[PDB]
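Colleague: Pasting my_file_13.cif here (mmCIF, N, CA and C atoms):
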data_start
loop_
_atom_site.group_PDB
_atom_site.id
_atom_site.type_symbol
_atom_site.label_atom_id
_atom_site.label_comp_id
_atom_site.auth_asym_id
_atom_site.auth_seq_id
_atom_site.Cartn_x
_atom_site.Cartn_y
_atom_site.Cartn_z
ATOM 1 N N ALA K 2 125.097 90.200 37.406
ATOM 2 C CA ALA K 2 125.484 91.602 37.345
ATOM 3 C C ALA K 2 126.762 91.835 38.133
ATOM 4 N N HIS K 3 127.324 93.032 38.002
ATOM 5 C CA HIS K 3 128.531 93.373 38.739
ATOM 6 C C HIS K 3 128.224 93.460 40.225
ATOM 7 N N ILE K 4 129.022 92.773 41.033
ATOM 8 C CA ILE K 4 128.885 92.793 42.481
ATOM 9 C C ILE K 4 130.206 93.252 43.074
ATOM 10 N N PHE K 5 130.149 94.273 43.916
ATOM 11 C CA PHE K 5 131.337 94.840 44.529
ATOM 12 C C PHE K 5 131.298 94.620 46.032
ATOM 13 N N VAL K 6 132.479 94.507 46.627
ATOM 14 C CA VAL K 6 132.625 94.369 48.068
ATOM 15 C C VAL K 6 133.079 95.712 48.613
ATOM 16 N N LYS K 7 132.274 96.297 49.489
ATOM 17 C CA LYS K 7 132.558 97.619 50.013
ATOM 18 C C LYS K 7 132.377 97.636 51.520
ATOM 19 N N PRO K 8 133.128 98.476 52.224
ATOM 20 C CA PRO K 8 132.967 98.570 53.676
ATOM 21 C C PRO K 8 131.646 99.229 54.030
ATOM 22 N N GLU K 9 131.371 99.283 55.324
ATOM 23 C CA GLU K 9 130.207 99.981 55.851
ATOM 24 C C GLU K 9 130.717 101.154 56.675
ATOM 25 N N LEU K 10 130.612 102.354 56.120
ATOM 26 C CA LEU K 10 131.201 103.524 56.747
ATOM 27 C C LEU K 10 130.350 104.008 57.912
ATOM 28 N N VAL K 11 131.012 104.635 58.877
ATOM 29 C CA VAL K 11 130.363 105.223 60.040
ATOM 30 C C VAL K 11 130.915 106.624 60.232
ATOM 31 N N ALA K 12 130.027 107.593 60.427
ATOM 32 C CA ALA K 12 130.426 108.977 60.601
ATOM 33 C C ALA K 12 129.649 109.599 61.749
ATOM 34 N N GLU K 13 130.215 110.664 62.308
ATOM 35 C CA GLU K 13 129.599 111.435 63.384
ATOM 36 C C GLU K 13 129.361 112.847 62.855
ATOM 37 N N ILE K 14 128.181 113.070 62.266
ATOM 38 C CA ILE K 14 127.858 114.376 61.696
ATOM 39 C C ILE K 14 127.426 115.390 62.734
ATOM 40 N N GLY K 15 127.431 115.032 64.011
ATOM 41 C CA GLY K 15 127.067 115.951 65.068
ATOM 42 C C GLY K 15 125.678 115.758 65.625
ATOM 43 N N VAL K 16 124.856 114.901 65.019
ATOM 44 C CA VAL K 16 123.559 114.600 65.605
ATOM 45 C C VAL K 16 123.769 113.831 66.902
ATOM 46 N N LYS K 17 122.835 113.996 67.827
ATOM 47 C CA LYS K 17 122.909 113.325 69.115
ATOM 48 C C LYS K 17 121.496 113.232 69.668
ATOM 49 N N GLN K 18 121.385 112.888 70.944
ATOM 50 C CA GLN K 18 120.103 112.861 71.628
ATOM 51 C C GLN K 18 119.936 114.180 72.364
ATOM 52 N N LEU K 19 118.881 114.911 72.033
ATOM 53 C CA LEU K 19 118.639 116.195 72.671
ATOM 54 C C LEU K 19 118.295 115.995 74.138
ATOM 55 N N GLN K 20 118.897 116.812 74.997
ATOM 56 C CA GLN K 20 118.750 116.634 76.430
ATOM 57 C C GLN K 20 118.542 117.978 77.107
ATOM 58 N N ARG K 21 117.957 117.911 78.297
ATOM 59 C CA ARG K 21 117.600 119.095 79.059
ATOM 60 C C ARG K 21 118.840 119.882 79.460
ATOM 61 N N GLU K 22 118.670 121.194 79.589
ATOM 62 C CA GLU K 22 119.714 122.061 80.111
ATOM 63 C C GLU K 22 119.570 122.156 81.622
ATOM 64 N N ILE K 23 120.679 121.973 82.334
ATOM 65 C CA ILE K 23 120.645 121.924 83.791
ATOM 66 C C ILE K 23 120.484 123.332 84.346
ATOM 67 N N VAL K 24 119.365 123.577 85.024
ATOM 68 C CA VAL K 24 119.102 124.880 85.623
ATOM 69 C C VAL K 24 118.829 124.751 87.116
ATOM 70 N N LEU K 25 118.044 123.745 87.503
ATOM 71 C CA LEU K 25 117.535 123.667 88.872
ATOM 72 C C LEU K 25 118.617 123.586 89.943
ATOM 73 N N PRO K 26 119.671 122.773 89.814
ATOM 74 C CA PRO K 26 120.592 122.603 90.952
ATOM 75 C C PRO K 26 121.240 123.886 91.432
ATOM 76 N N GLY K 27 121.367 124.887 90.577
ATOM 77 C CA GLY K 27 121.963 126.129 91.009
ATOM 78 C C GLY K 27 121.032 127.087 91.708
ATOM 79 N N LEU K 28 119.787 126.693 91.962
ATOM 80 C CA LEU K 28 118.790 127.588 92.533
ATOM 81 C C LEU K 28 118.458 127.270 93.980
ATOM 82 N N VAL K 29 118.243 125.998 94.307
ATOM 83 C CA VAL K 29 117.793 125.602 95.636
ATOM 84 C C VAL K 29 118.896 125.816 96.661
ATOM 85 N N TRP K 30 118.527 125.763 97.934
ATOM 86 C CA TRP K 30 119.476 125.959 99.020
ATOM 87 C C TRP K 30 120.332 124.714 99.186
ATOM 88 N N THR K 31 121.628 124.838 98.930
ATOM 89 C CA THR K 31 122.537 123.702 98.952
ATOM 90 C C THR K 31 123.484 123.815 100.135
ATOM 91 N N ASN K 32 123.567 122.743 100.913
ATOM 92 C CA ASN K 32 124.538 122.566 101.984
ATOM 93 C C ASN K 32 124.531 123.701 102.996
ATOM 94 N N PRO K 33 123.475 123.867 103.774
ATOM 95 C CA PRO K 33 123.582 124.723 104.955
ATOM 96 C C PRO K 33 124.172 123.928 106.102
ATOM 97 N N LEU K 34 123.963 122.617 106.046
ATOM 98 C CA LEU K 34 124.372 121.684 107.082
ATOM 99 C C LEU K 34 125.362 120.699 106.484
ATOM 100 N N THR K 35 126.509 120.541 107.128
ATOM 101 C CA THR K 35 127.574 119.711 106.582
ATOM 102 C C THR K 35 127.960 118.545 107.476
ATOM 103 N N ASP K 36 127.964 118.731 108.794
ATOM 104 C CA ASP K 36 128.483 117.716 109.709
ATOM 105 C C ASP K 36 127.430 116.642 109.987
ATOM 106 N N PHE K 37 126.981 115.995 108.911
ATOM 107 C CA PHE K 37 126.031 114.898 109.061
ATOM 108 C C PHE K 37 126.671 113.709 109.756
ATOM 109 N N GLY K 38 127.914 113.396 109.410
ATOM 110 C CA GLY K 38 128.683 112.499 110.243
ATOM 111 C C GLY K 38 128.916 113.112 111.608
ATOM 112 N N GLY K 39 128.985 112.259 112.618
ATOM 113 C CA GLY K 39 129.094 112.768 113.963
ATOM 114 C C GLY K 39 127.794 113.235 114.570
ATOM 115 N N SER K 40 126.657 112.883 113.980
ATOM 116 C CA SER K 40 125.352 113.149 114.561
ATOM 117 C C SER K 40 124.500 111.895 114.468
ATOM 118 N N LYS K 41 123.684 111.657 115.490
ATOM 119 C CA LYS K 41 122.921 110.419 115.559
ATOM 120 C C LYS K 41 121.939 110.318 114.403
ATOM 121 N N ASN K 42 121.901 109.146 113.771
ATOM 122 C CA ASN K 42 120.989 108.861 112.663
ATOM 123 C C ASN K 42 121.161 109.849 111.515
ATOM 124 N N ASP K 43 122.363 110.407 111.381
ATOM 125 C CA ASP K 43 122.708 111.287 110.265
ATOM 126 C C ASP K 43 121.756 112.476 110.177
ATOM 127 N N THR K 44 121.353 112.996 111.332
ATOM 128 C CA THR K 44 120.395 114.086 111.421
ATOM 129 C C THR K 44 120.998 115.242 112.207
ATOM 130 N N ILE K 45 120.776 116.456 111.714
ATOM 131 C CA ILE K 45 121.386 117.664 112.256
ATOM 132 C C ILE K 45 120.297 118.605 112.743
ATOM 133 N N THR K 46 119.278 118.052 113.403
ATOM 134 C CA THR K 46 118.029 118.740 113.716
ATOM 135 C C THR K 46 118.203 120.231 113.959
ATOM 136 N N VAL K 47 117.473 121.029 113.193
ATOM 137 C CA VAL K 47 117.598 122.478 113.175
ATOM 138 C C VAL K 47 116.598 123.056 114.155
ATOM 139 N N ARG K 48 117.054 123.980 114.993
ATOM 140 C CA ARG K 48 116.160 124.650 115.920
ATOM 141 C C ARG K 48 115.546 125.871 115.256
ATOM 142 N N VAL K 49 114.342 126.214 115.687
ATOM 143 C CA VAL K 49 113.613 127.386 115.229
ATOM 144 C C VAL K 49 113.217 128.172 116.471
ATOM 145 N N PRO K 50 113.604 129.439 116.584
ATOM 146 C CA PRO K 50 113.417 130.170 117.837
ATOM 147 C C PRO K 50 111.950 130.334 118.196
ATOM 148 N N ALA K 51 111.713 130.544 119.484
ATOM 149 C CA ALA K 51 110.370 130.643 120.030
ATOM 150 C C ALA K 51 109.861 132.073 119.949
ATOM 151 N N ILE K 52 108.575 132.211 119.657
ATOM 152 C CA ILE K 52 107.892 133.489 119.732
ATOM 153 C C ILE K 52 106.857 133.412 120.847
ATOM 154 N N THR K 53 106.366 134.576 121.254
ATOM 155 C CA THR K 53 105.399 134.653 122.335
ATOM 156 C C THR K 53 104.324 135.660 121.967
ATOM 157 N N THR K 54 103.254 135.659 122.751
ATOM 158 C CA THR K 54 102.162 136.600 122.573
ATOM 159 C C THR K 54 101.992 137.434 123.834
ATOM 160 N N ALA K 55 101.611 138.691 123.641
ATOM 161 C CA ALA K 55 101.338 139.584 124.750
ATOM 162 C C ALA K 55 99.874 139.461 125.158
ATOM 163 N N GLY D 2 123.990 88.276 30.229
ATOM 164 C CA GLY D 2 123.607 87.471 29.084
ATOM 165 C C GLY D 2 124.091 88.059 27.777
ATOM 166 N N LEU D 3 123.459 89.149 27.357
ATOM 167 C CA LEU D 3 123.845 89.858 26.148
ATOM 168 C C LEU D 3 123.965 91.340 26.459
ATOM 169 N N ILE D 4 124.870 92.010 25.744
ATOM 170 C CA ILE D 4 125.114 93.420 26.006
ATOM 171 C C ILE D 4 123.932 94.282 25.583
ATOM 172 N N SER D 5 123.057 93.764 24.723
ATOM 173 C CA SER D 5 121.878 94.490 24.276
ATOM 174 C C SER D 5 120.639 94.180 25.104
ATOM 175 N N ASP D 6 120.746 93.301 26.093
ATOM 176 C CA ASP D 6 119.603 92.971 26.924
ATOM 177 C C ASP D 6 119.263 94.142 27.845
ATOM 178 N N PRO D 7 118.010 94.241 28.289
ATOM 179 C CA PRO D 7 117.670 95.256 29.290
ATOM 180 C C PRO D 7 118.462 95.039 30.569
ATOM 181 N N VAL D 8 118.816 96.149 31.221
ATOM 182 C CA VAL D 8 119.688 96.078 32.386
ATOM 183 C C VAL D 8 119.013 95.290 33.499
ATOM 184 N N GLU D 9 119.791 94.432 34.154
ATOM 185 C CA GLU D 9 119.269 93.612 35.234
ATOM 186 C C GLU D 9 119.031 94.457 36.481
ATOM 187 N N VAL D 10 118.238 93.903 37.400
ATOM 188 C CA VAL D 10 117.976 94.573 38.667
ATOM 189 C C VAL D 10 119.275 94.701 39.447
ATOM 190 N N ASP D 11 119.574 95.911 39.890
ATOM 191 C CA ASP D 11 120.837 96.171 40.566
ATOM 192 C C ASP D 11 120.841 95.533 41.948
ATOM 193 N N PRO D 12 121.805 94.662 42.263
ATOM 194 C CA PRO D 12 121.875 94.116 43.627
ATOM 195 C C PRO D 12 122.044 95.182 44.691
ATOM 196 N N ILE D 13 122.733 96.280 44.373
ATOM 197 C CA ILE D 13 122.856 97.374 45.329
ATOM 198 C C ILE D 13 121.485 97.956 45.640
ATOM 199 N N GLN D 14 120.636 98.094 44.619
ATOM 200 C CA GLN D 14 119.269 98.547 44.856
ATOM 201 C C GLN D 14 118.510 97.571 45.739
ATOM 202 N N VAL D 15 118.683 96.270 45.501
ATOM 203 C CA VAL D 15 117.980 95.269 46.297
ATOM 204 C C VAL D 15 118.383 95.384 47.760
ATOM 205 N N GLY D 16 119.687 95.476 48.021
ATOM 206 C CA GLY D 16 120.147 95.619 49.391
ATOM 207 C C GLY D 16 119.708 96.925 50.028
ATOM 208 N N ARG D 17 119.747 98.017 49.263
ATOM 209 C CA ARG D 17 119.350 99.317 49.790
ATOM 210 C C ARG D 17 117.878 99.333 50.168
ATOM 211 N N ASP D 18 117.028 98.740 49.332
ATOM 212 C CA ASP D 18 115.612 98.655 49.666
ATOM 213 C C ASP D 18 115.370 97.697 50.823
ATOM 214 N N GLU D 19 116.171 96.633 50.929
ATOM 215 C CA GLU D 19 116.039 95.731 52.067
ATOM 216 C C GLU D 19 116.373 96.437 53.373
ATOM 217 N N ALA D 20 117.436 97.243 53.380
ATOM 218 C CA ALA D 20 117.782 97.991 54.585
ATOM 219 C C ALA D 20 116.704 99.004 54.937
ATOM 220 N N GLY D 21 115.972 99.494 53.943
ATOM 221 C CA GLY D 21 114.840 100.370 54.184
ATOM 222 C C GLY D 21 115.179 101.724 54.763
ATOM 223 N N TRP D 22 116.232 102.368 54.266
ATOM 224 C CA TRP D 22 116.580 103.715 54.691
ATOM 225 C C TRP D 22 116.321 104.754 53.608
ATOM 226 N N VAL D 23 115.712 104.360 52.489
ATOM 227 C CA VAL D 23 115.320 105.332 51.478
ATOM 228 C C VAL D 23 114.192 106.193 52.022
ATOM 229 N N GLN D 24 114.318 107.502 51.847
ATOM 230 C CA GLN D 24 113.401 108.438 52.478
ATOM 231 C C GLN D 24 112.049 108.441 51.777
ATOM 232 N N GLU D 25 110.985 108.311 52.562
ATOM 233 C CA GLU D 25 109.618 108.371 52.066
ATOM 234 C C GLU D 25 108.925 109.583 52.667
ATOM 235 N N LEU D 26 108.197 110.319 51.835
ATOM 236 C CA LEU D 26 107.589 111.575 52.234
ATOM 237 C C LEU D 26 106.142 111.625 51.769
ATOM 238 N N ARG D 27 105.361 112.467 52.437
ATOM 239 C CA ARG D 27 103.972 112.672 52.064
ATOM 240 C C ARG D 27 103.886 113.520 50.804
ATOM 241 N N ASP D 28 102.936 113.185 49.937
ATOM 242 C CA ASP D 28 102.766 113.926 48.696
ATOM 243 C C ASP D 28 102.296 115.344 48.982
ATOM 244 N N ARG D 29 102.842 116.303 48.235
ATOM 245 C CA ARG D 29 102.461 117.697 48.427
ATOM 246 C C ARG D 29 101.008 117.928 48.031
ATOM 247 N N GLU D 30 100.619 117.461 46.845
ATOM 248 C CA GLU D 30 99.279 117.706 46.313
ATOM 249 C C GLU D 30 98.372 116.544 46.703
ATOM 250 N N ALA D 31 97.874 116.602 47.935
ATOM 251 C CA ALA D 31 96.956 115.579 48.426
ATOM 252 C C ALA D 31 96.136 116.186 49.553
ATOM 253 N N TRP D 32 94.842 116.374 49.317
ATOM 254 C CA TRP D 32 93.951 116.894 50.331
ATOM 255 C C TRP D 32 92.911 115.841 50.684
ATOM 256 N N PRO D 33 92.756 115.488 51.963
ATOM 257 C CA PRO D 33 93.466 116.007 53.140
ATOM 258 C C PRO D 33 94.898 115.499 53.197
ATOM 259 N N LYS D 34 95.718 116.023 54.104
ATOM 260 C CA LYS D 34 97.114 115.618 54.168
ATOM 261 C C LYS D 34 97.230 114.128 54.463
ATOM 262 N N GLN D 35 98.166 113.478 53.780
ATOM 263 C CA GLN D 35 98.330 112.041 53.898
ATOM 264 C C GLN D 35 98.898 111.679 55.268
ATOM 265 N N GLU D 36 98.773 110.404 55.617
ATOM 266 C CA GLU D 36 99.349 109.935 56.863
ATOM 267 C C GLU D 36 100.847 109.711 56.708
ATOM 268 N N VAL D 37 101.537 109.705 57.840
ATOM 269 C CA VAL D 37 102.994 109.545 57.831
ATOM 270 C C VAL D 37 103.342 108.143 57.341
ATOM 271 N N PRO D 38 104.226 108.003 56.356
ATOM 272 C CA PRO D 38 104.601 106.666 55.889
ATOM 273 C C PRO D 38 105.328 105.890 56.975
ATOM 274 N N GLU D 39 105.232 104.563 56.892
ATOM 275 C CA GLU D 39 105.802 103.714 57.932
ATOM 276 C C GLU D 39 107.315 103.867 58.014
ATOM 277 N N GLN D 40 107.973 104.079 56.874
ATOM 278 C CA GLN D 40 109.426 104.205 56.877
ATOM 279 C C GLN D 40 109.877 105.427 57.666
ATOM 280 N N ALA D 41 109.131 106.526 57.575
ATOM 281 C CA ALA D 41 109.528 107.752 58.252
ATOM 282 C C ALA D 41 109.432 107.651 59.767
ATOM 283 N N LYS D 42 108.801 106.604 60.296
ATOM 284 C CA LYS D 42 108.675 106.408 61.734
ATOM 285 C C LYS D 42 109.560 105.277 62.245
ATOM 286 N N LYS D 43 110.546 104.862 61.465
ATOM 287 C CA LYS D 43 111.389 103.741 61.854
ATOM 288 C C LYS D 43 112.309 104.140 62.998
ATOM 289 N N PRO D 44 112.296 103.429 64.122
ATOM 290 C CA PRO D 44 113.251 103.727 65.191
ATOM 291 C C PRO D 44 114.669 103.395 64.764
ATOM 292 N N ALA D 45 115.624 104.104 65.355
ATOM 293 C CA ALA D 45 117.022 103.887 65.021
ATOM 294 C C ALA D 45 117.477 102.508 65.477
ATOM 295 N N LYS D 46 118.246 101.839 64.624
ATOM 296 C CA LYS D 46 118.813 100.543 64.964
ATOM 297 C C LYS D 46 119.779 100.687 66.136
ATOM 298 N N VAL D 47 119.914 99.617 66.917
ATOM 299 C CA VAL D 47 120.696 99.668 68.146
ATOM 300 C C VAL D 47 122.135 99.229 67.903
ATOM 301 N N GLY D 48 122.549 99.161 66.645
ATOM 302 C CA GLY D 48 123.914 98.773 66.351
ATOM 303 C C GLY D 48 124.152 98.679 64.861
ATOM 304 N N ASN D 49 125.332 98.173 64.512
ATOM 305 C CA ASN D 49 125.721 98.005 63.115
ATOM 306 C C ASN D 49 126.301 96.614 62.876
#
What does the file become when written as structure tokens?

Modeller:
Amino acid sequence: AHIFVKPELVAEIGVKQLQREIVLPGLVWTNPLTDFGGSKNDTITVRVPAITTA
Amino acid sequence: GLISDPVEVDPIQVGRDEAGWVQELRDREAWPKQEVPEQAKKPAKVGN
């Protein structure tokens, strides 16, 4: 029978892998403490004030 | 062979069926609903 030699075409019709929408990083508390360098063991230990009872 | 002979099996058909990308679907008129054909669950090839 008739046999033809043809290329193998490749196209990008816009399909892809569906992925999550980024929401979480904009919500949590980011960077209250910055000077991690210049502190022992990379720790910026936060103080919490004292309360008392009468 | 002869121009009046029945048409031979198309090599393009043979290759197309070998690649196995012809769409297979469940029959509409079948109760209970048929199971998903094996072709419809084929994972995407990792290259060309």

Colleague: Run the PyMOL selection byres ((chain K and name CA) within 9 of (chain D and name CA)) against the file shown and list the residues it catches, as a list in words.

Modeller: residues 2, 3, 4, 5 and 9 of chain K

Colleague: Pick out the residues sitting within 7 Å of region 26-32 of chain D, and hand them over as JSON, numbers by chain; count only N, CA and C atoms, and ignore anything fewer than 5 positions along from it in its own chain.

Modeller: {"D": [37, 38, 41]}

Colleague: Show me, as JSON, the centre and edge lengths in Å to one decimal of the axis-aligned box that covers every listed atom of region 30-41 of chain D with 6 Å on each side.

Modeller:
{"center_x": 101.3, "center_y": 110.7, "center_z": 53.0, "size_x": 29.1, "size_y": 26.0, "size_z": 25.5}

Colleague: Between CA of residue 30 (chain K) and CA of residue 43 (chain K), measure the distance and give it in Å to one decimal.

Modeller: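 The value is 18.8 Å.
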
Colleague: Suppose you want the space between CA of residue 44 (chain D) and CA of residue 10 (chain K); what is it in Å?

Modeller: 19.8 Å

Colleague: Output region 18-32 of chain K with N, CA, C and O atoms present, as a compact mmCIF listing (two decimals), in the frame of the given file.

Modeller:
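So result.txt came out as:
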# COMPACT_ATOMS: atom_id res chain seq x y z
N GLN K 18 121.38 112.89 70.94
CA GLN K 18 120.10 112.86 71.63
C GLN K 18 119.94 114.18 72.36
O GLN K 18 120.77 114.53 73.20
N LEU K 19 118.88 114.91 72.03
CA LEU K 19 118.64 116.20 72.67
C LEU K 19 118.30 116.00 74.14
O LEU K 19 117.50 115.12 74.49
N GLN K 20 118.90 116.81 75.00
CA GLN K 20 118.75 116.63 76.43
C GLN K 20 118.54 117.98 77.11
O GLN K 20 118.91 119.03 76.59
N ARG K 21 117.96 117.91 78.30
CA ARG K 21 117.60 119.10 79.06
C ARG K 21 118.84 119.88 79.46
O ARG K 21 119.93 119.33 79.63
N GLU K 22 118.67 121.19 79.59
CA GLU K 22 119.71 122.06 80.11
C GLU K 22 119.57 122.16 81.62
O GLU K 22 118.47 122.39 82.13
N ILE K 23 120.68 121.97 82.33
CA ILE K 23 120.64 121.92 83.79
C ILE K 23 120.48 123.33 84.35
O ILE K 23 121.36 124.19 84.17
N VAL K 24 119.36 123.58 85.02
CA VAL K 24 119.10 124.88 85.62
C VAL K 24 118.83 124.75 87.12
O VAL K 24 119.32 125.55 87.92
N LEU K 25 118.04 123.74 87.50
CA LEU K 25 117.54 123.67 88.87
C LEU K 25 118.62 123.59 89.94
O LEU K 25 118.49 124.29 90.96
N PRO K 26 119.67 122.77 89.81
CA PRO K 26 120.59 122.60 90.95
C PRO K 26 121.24 123.89 91.43
O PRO K 26 121.63 123.97 92.60
N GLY K 27 121.37 124.89 90.58
CA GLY K 27 121.96 126.13 91.01
C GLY K 27 121.03 127.09 91.71
O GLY K 27 121.44 128.20 92.03
N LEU K 28 119.79 126.69 91.96
CA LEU K 28 118.79 127.59 92.53
C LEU K 28 118.46 127.27 93.98
O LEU K 28 118.40 128.18 94.81
N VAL K 29 118.24 126.00 94.31
CA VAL K 29 117.79 125.60 95.64
C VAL K 29 118.90 125.82 96.66
O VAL K 29 120.06 126.03 96.31
N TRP K 30 118.53 125.76 97.93
CA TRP K 30 119.48 125.96 99.02
C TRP K 30 120.33 124.71 99.19
O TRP K 30 119.83 123.65 99.56
N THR K 31 121.63 124.84 98.93
CA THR K 31 122.54 123.70 98.95
C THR K 31 123.48 123.82 100.14
O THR K 31 124.11 124.86 100.34
N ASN K 32 123.57 122.74 100.91
CA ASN K 32 124.54 122.57 101.98
C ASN K 32 124.53 123.70 103.00
O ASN K 32 125.51 124.45 103.08
